[PDB]
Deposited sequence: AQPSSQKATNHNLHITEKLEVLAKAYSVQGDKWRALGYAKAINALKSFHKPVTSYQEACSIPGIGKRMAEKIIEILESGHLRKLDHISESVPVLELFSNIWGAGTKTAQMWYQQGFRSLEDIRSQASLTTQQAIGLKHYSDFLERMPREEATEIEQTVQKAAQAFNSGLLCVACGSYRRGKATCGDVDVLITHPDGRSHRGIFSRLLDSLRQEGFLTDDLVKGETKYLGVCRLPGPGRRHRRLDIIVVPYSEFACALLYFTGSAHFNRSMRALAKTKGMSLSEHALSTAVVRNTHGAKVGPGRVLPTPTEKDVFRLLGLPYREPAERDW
């Protein structure tokens, strides 16, 4: 990164915009920040600024002020509330709206929130694991977690396939959570197993808390046996074999890579979701189309006219 002396200061505004709710401006900043990391050279000019895709006028001027100032003006006028809003929004299940309300009501610290704030079932679980959910795990621990789920699932029907996705499948050394995907070749044996599997994982204490118990998506908390173990976020998604490849790619990410893929699909009258790549094409103000067969991840890249990127290179 040739521009850490520029990105460091923009990351402060970005996070300030996101916690304050300005989600589009925050996105715009984020793009620009990743662009300058991607760049090969230090930015040297206002026109070298506008040259980058993702850097426009307004942020060209800010890099311009920084490149002489050595520091930016706007940073001195950040509202005093940003650090508190960030602290609150880092509770799982609490977003920008809940944090700003808590701030309006005078809350200023997690002791205040524990003391006086009403919390949803999800937020109380998030607060209780506030530190654990902020730290990443070694990828080897992600492997035990996948294997724990896999042996539980394969006991019922051994035809079942189980794959950890997310940053783990992208080959990163540490993982924020574990995203386990499940399907069955016979195309029907995948259905109605959350009953038995989550009961089995809950049997000897692997599952500790449930955040979301949908019919296809489970989000929750797990912990491995023995000393030194922290509580880890675990998600489980069960899909029809038809949608295996598309789910495989969505839940491996990354989120910016998924977003770029969706954008290119839109250039070609197609739509990409976790369920399917579709020729749903009508776009003139904003009637779906046809799901195209994608037995493998390769097919999605292919029908989109891209060369196959293996998971490790989608870590955008």
From the N-terminus onward, what segments of the deposited sequence lack any C-alpha atom in this model? 1-9, 296-299
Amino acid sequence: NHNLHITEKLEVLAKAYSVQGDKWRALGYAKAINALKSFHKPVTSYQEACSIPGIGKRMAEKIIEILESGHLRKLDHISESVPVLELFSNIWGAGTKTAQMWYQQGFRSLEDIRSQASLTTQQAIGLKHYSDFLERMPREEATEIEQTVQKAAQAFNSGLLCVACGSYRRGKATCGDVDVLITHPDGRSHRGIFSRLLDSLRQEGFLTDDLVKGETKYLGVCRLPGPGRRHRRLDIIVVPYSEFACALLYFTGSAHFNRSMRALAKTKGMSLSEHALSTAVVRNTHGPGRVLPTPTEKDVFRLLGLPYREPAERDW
From here on, numbers count along this sequence of modelled residues.
Would you mind comparing 160-168 and 72-80 for me and telling me which has the higher average C-alpha temperature factor in the entry? 72-80
Mean C-alpha B factor from the entry: is it higher for 169-177 or for 90-98? 169-177
Out of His184, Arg232, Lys213, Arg139, which residue has the highest Cα temperature factor in the PDB record? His184
Among the modelled residues of its chain, does the C-alpha B-factor of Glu135 lie in the lowest, middle or highest third? middle
What third of the chain does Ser195 rank in for C-alpha temperature factor, lowest, middle or highest? highest
Would you mind checking where the Cα B-factor of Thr285 ranks among the modelled residues of its chain, as the lowest, middle or highest third? highest
Using the B-factors in the PDB entry, rank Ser109's C-alpha atom against the chain and give the third, lowest, middle or highest. lowest
Determine, from the deposited record, the chain-internal third of the Cα B-factor for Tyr29: lowest, middle or highest. middle
